[PDB]
Structure formats: C-alpha cells, structure tokens
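Here the Cβ positions follow ideal geometry from the backbone for every residue, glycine too, while neighbour counts run over all protein chains shown. Laboratory data are not the source of any read-out in this text; all were calculated from the coordinates shown.
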Amino acid sequence: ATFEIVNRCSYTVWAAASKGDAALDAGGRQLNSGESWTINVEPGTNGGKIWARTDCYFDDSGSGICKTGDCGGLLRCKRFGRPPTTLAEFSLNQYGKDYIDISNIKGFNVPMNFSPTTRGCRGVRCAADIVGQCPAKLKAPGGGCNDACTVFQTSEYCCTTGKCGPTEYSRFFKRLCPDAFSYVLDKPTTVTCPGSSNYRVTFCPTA
C-alpha cells in the first residue's frame, strides 16, 4: 500500500512510521513546509502508526531528540514515539478489509487528516486547536497536549482493568475531535476501507 505523507504546516515536522517493533519504509524523514513523502507499507501490516514529531535536532548519524513524538532519539523510527502524538493508525488487509483511524489516546501535537486516495470509504480528521485549548494539567512543556493516562498513570485514565469510562479529560479531546479516539474504550471511530487501499496523511490540513 502507498501512503503519501504531506506536511501542510508552516513549520518543519519529522514524520515517523512504525509498527512498534520495526520501521515502516525508511521509518522517518524531515518534511519542510509543503513537502510530501511517499512510503510503501507491506500488505497485511497490522498496527501501523504514522505521526509527526516537532522541534527535532539530529546529527549526521540520525541520532538526536524531538520535543514531541521522539522514538528513542532516532530519525528513522523503529518504535513508537513519546506522547503527545496525534496518531494515524491502520491495519491493512485484515480479512479483505483495511481499518484506519485517528487517535488522541496518546495525546495531540499536530492536527491531521487521514484520507484514502482510492475509492470506497471516507477519511477522518482531527484539525481543531487542541494545543491552544489544552487544559492546564495536560499541557506538555515541549508543546502539545498530553492524554490523562500519560500524565496521571491511573487505572481509570489508562483503562488498565479493561473497564473504564470517559473522563473530564477524554471528553475534552472528544469535544474538539469527535472523529478521533479519546480514550481506550471510546465508541470506535474506525473507518473500514477496501483491502489494499492507498492513503494520504496530511499534517495541518486546514491551516
């Protein structure tokens, strides 16, 4: 499957793509404002994620630090990134179907649109100003808006027992972005697409 990753933000982001134990394609790349990066993701990939990282410094060996989404200090991510990270999530060719979603379960750093470039399903978007509106206790100094599990580490926020309800904090993410997961047991906003669809992830889709 082909993913075009487009940075429409006015600032540079460092895109990342991983399935948790391995990079997807190169795993990460700088995207200046306007730049597009096309990656190929193997069919049948389960649990892939794409996200943006902000305010990164890397040396010539690809080692460094980012203020949001850092994946162990590497330009080319092999693992998932440190919250807060708006997440494009996908499982491909699962019994003939692709499944995509946007998740705020690990917080929010960059607005995002996640849309198919082929026919047969709708896209999803979380483009509200969540950082600007972020509750005081969830604000991340590096930028972005943390989820409550990351901040407070309770069974309720993290849904550790498999039973949990919405919270004041999850309802904040849900109010601004209804089409993104706001907590683990949120009513699913997953979109079902034809197997082997292709996609575009756009950072800062509106502004």
Q) Here are some residues: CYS77, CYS56. Which one is closer than 26 Å to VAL151 by Cβ and over 15 Å from the mean Cα position of the chain (by Cα)? A) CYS56
Q: Answer yes if at least one residue in the range 108-121 is surrounded by fewer than 16 Cβ atoms within 10 Å (Cβ to Cβ), in contact (Cβ under 8 Å) with a residue 12 or more places away in the chain and out of contact with any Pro (no Cβ under 9 Å at 6 or more places or on another chain), and no otherwise.
A: yes
Q: Those residues that are out of contact with any strand residue (DSSP E or B) (no Cβ under 6 Å at 6 or more places or on another chain) and either assigned to a loop (DSSP other than H, G, I, E, B) or closer than 16 Å to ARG53 by Cα (or both), I need them from the range 82-93; list them, please.
A: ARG82, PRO83
Q. Got a sec? Which of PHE172, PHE181 is of a type in the set (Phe, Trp, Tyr), surrounded by 19 or more Cβ atoms within 10 Å (Cβ to Cβ) and over 16 Å from the mean Cα position of the chain (by Cα)?
A. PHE172
Q: Could you please give the count of residues in the range 39-53 that are within 27 Å of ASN93 (Cα to Cα) and under 17 Å from the mean Cα position of the chain (by Cα)?
A: 10
Q: Pull up the range 186-207, narrow it to residues that are among the hydroxyl-bearing types (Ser, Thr, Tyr) and outside any loop (DSSP other than H, G, I, E, B), then point me to the one that is surrounded by the most Cβ atoms within 10 Å (Cβ to Cβ).
A: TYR199
(Q) Out of the strands (runs of 3 or more DSSP E) lying entirely within the range 1-55, which hold 3 or more residues that are crowded, with 20+ Cβ neighbours inside 10 Å and touching a residue at least 24 places away in the same chain (Cβ under 8 Å)? (A) 2-7, 13-18, 23-31
